[PDB]
Every structure is written in structure tokens, then in C-alpha cells.
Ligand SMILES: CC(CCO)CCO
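This document opens with one chain alone, in C-alpha cells, the form solved without this ligand.
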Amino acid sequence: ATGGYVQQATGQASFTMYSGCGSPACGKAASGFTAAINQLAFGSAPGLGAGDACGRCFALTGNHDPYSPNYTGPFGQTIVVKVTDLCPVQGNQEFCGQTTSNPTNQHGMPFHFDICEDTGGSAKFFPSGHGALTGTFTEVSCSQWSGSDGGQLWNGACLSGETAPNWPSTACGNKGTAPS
């Protein structure tokens, strides 16, 4: 995509959870289920504002624990998140360290979603004791996503991906060059 980001509507991803997503990198939080996406897909860098993932909605289905490959479940439910945040390469090498030089993470996944705990998504997705999963993502209309957006945290904040056609398309737009 512009900047050399790797952005596509469907594919394989790994998944983790995080807390404290009230001041996310797109510049608006939201009350529904939300995630951070790895930098190479987010479309921006720390300190550069919103990338083109911002506001887009994705159906996530987890089905495997890569740290316990013979665990057969239970896993969680399919959930629809809105991307509000960035999982940067720096400080997240295992899961979010995809670059144009090395486009998969340690789990061989070209995308990663870090699902925020604060608004309930991670509780629906991860079973107790299995907070890192793999599975798939499928971009969907945000009609599939419950909730509403928070106010603007700063001028330039953007969640306009929430109305866009699926990738390939441009809404908030990418910033800078993808990490290398």
C-alpha cells in the first residue's frame, strides 16, 4: 500500500490482549471492541498520527495456541473489532515486529491484532490461560461492530476507515514509510 505498508482485507494473524486503550494512535477511542494492529498494517509510526487501518472493522477468529499446539480448546468466539490503535515494532518484536525486510512475526504471521481488554473484546476472544492465539482476520463492514466512537483526542485524529470499502481503498491514509 502507499508507504510500503502491507494491508489486505483477509488473512492469517496472531492475537494478544492489552489494557489501556483510551488514548490510541488513531486519536479516537471507541466503546465497542477495539484492537491495535501491527505497524506494517497500521500504516503509520509512533508519533505520526492515524494510518489507513484506523476505523476499519475486522471479524477475528482464533483457533490455535502456538505455545500449546496440542491444546484443542475451548477457544473463544468470533468477534468484530474496530482498529483504533497501533502495535508498534519497537517494544513488540515477537508479535508486531513485521517489517518490509522481514514481513512475518515470530509466529510466521503477516498480521497481528492486539485486542483491548477495556471494552470487553479480549474476554470474548481468549480463553483463560491462553492469551496468545493464531487464526484469521476478515475485514467486514462496521455494521457488524457494536458501539460508537469517542471524541477527538487531537487535531488530525481519524477513524474514517469505518465507512470505507474494504482494502484496497484509502480512508485516513498512510503516513511515512513502512518499517524496514
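All residue numbers are counted from 1 along the displayed sequence.
Omitted from view is the form solved in complex with this ligand, to which the following refers.
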**Candidate site 31, 160 and 163: all three near this ligand in the deposited complex by heavy atom within 4.5 Å** = yes
**Item:** 4.5 Å heavy atom contact, residue 119 and this ligand in the deposited complex
**Value:** yes
**Asked** Is residue 12 a contact residue for this ligand in the deposited complex, using a 4.5 Å heavy atom cut-off?
**Response** no
**Asked** From first to last in sequence, which residues of 138-157 have any non-hydrogen atom within 4.5 angstroms of this ligand in the deposited complex?
**Response** 153, 154
